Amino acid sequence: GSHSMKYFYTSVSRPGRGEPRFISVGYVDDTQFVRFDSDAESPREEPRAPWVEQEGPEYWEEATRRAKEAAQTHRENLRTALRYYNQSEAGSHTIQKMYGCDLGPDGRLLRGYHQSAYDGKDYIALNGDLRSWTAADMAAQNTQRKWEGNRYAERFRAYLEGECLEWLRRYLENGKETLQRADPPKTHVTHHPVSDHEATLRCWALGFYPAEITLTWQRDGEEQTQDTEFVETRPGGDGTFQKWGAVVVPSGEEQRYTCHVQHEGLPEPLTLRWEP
């Protein structure tokens, strides 16, 4: 139904080594499709998805142009930031920035994204109304003042309702095979005896897309949070995701526990139980 297209910029100043490192990635939902690395042997926009590979030279040249433009912008923003926080040029610093657009079922702009942080902490973000800004500290209020002064929110907004949505749509139409896909996770329960009185039950959900998924454990129908371990959703390295949830159970009560998996690729939620 709803889709999303986001961009991630990461700039890292490296004293005594020259220009800052600029790494940017483009995502359609949970699928990376483009990359720009300043430390690449030939810095340029590159395809990380088969469906974007069909784009002509113009796309890559323009994309590279905008990427490098952003690179320079962030490059000045680093120094300006140095002035703001009264910092030294001998120290390493980082500017991060994520911005995207959300296509709804009606084909209209559902939600907008444009947030930037400095050194791991919020710096300035675009509000839901896509018109006003929110600054985290006093230094960011200067940036907010400037952006208000030059009507930046308007430009980025025209971008959100324009090229962003259209190209997102185009991508979705090009790579429907994998982008409009909803693969259900291959799930199963495993047994791992801790001692002669304890054993760990692990619930596996593999090769599912998109990444969003819910794993829970229940003892006699009641959710278990005690002695439970849920690992962070991880990439399979092939365009899929993985995630397992383990419970520490006293021997003899294994058949009293059930796994519960909610995923988009599943018609109904799954209820699993150890099958020796």
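Counting begins at 1, following the sequence as shown.
Discussion item. Mean CA temperature factor from the deposited coordinates, higher in 133-141 or in 104-112?
Written reply: Here the higher of the two C-alpha B-factor means belongs to 104-112.
Practice prompt. State which stretch shows the higher mean Cα B factor in the entry: 214-222 or 63-71.
Written response: Per the PDB entry, the higher value belongs to 214-222.
Discussion item. Among the choices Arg157, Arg181, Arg169, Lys121, identify the one whose CA B-factor in the record is greatest.
Written reply: Of the options given, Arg181 has the highest CA B-factor in the PDB entry.
Fill in: Most elevated Cα B-factor in the entry, residues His191, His93, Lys176, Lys97
Comparing C-alpha B-factors across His191, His93, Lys176, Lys97, the top value belongs to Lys176.
Discussion item. What third of the chain does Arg14 rank in for C-alpha temperature factor, lowest, middle or highest?
Written reply: Middle third, going by the recorded CA B-factors of the chain.
Practice prompt. Classify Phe241 as lowest, middle or highest third according to the C-alpha B-factor given in the PDB entry, relative to its own chain.
Written response: Ranked within chain, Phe241 CA B lands in the lowest tercile.
Fill in: Where the record places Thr233 (Cα B-factor, split into thirds across the chain)
As the PDB entry reports it, the C-alpha B-factor of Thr233 lands in the middle third of its chain.
Worksheet entry | Where the record places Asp227 (Cα B-factor, split into thirds across the chain) | For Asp227, whose C-alpha B-factor we compare with every modelled residue in the chain, the answer is the highest third.
Worksheet item: Split the chain's modelled residues into thirds by Cα B-factor; is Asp29 in the lowest, middle or highest one?
Response: Within its chain, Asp29 is a middle-third residue by C-alpha B-factor, going by the deposited values.
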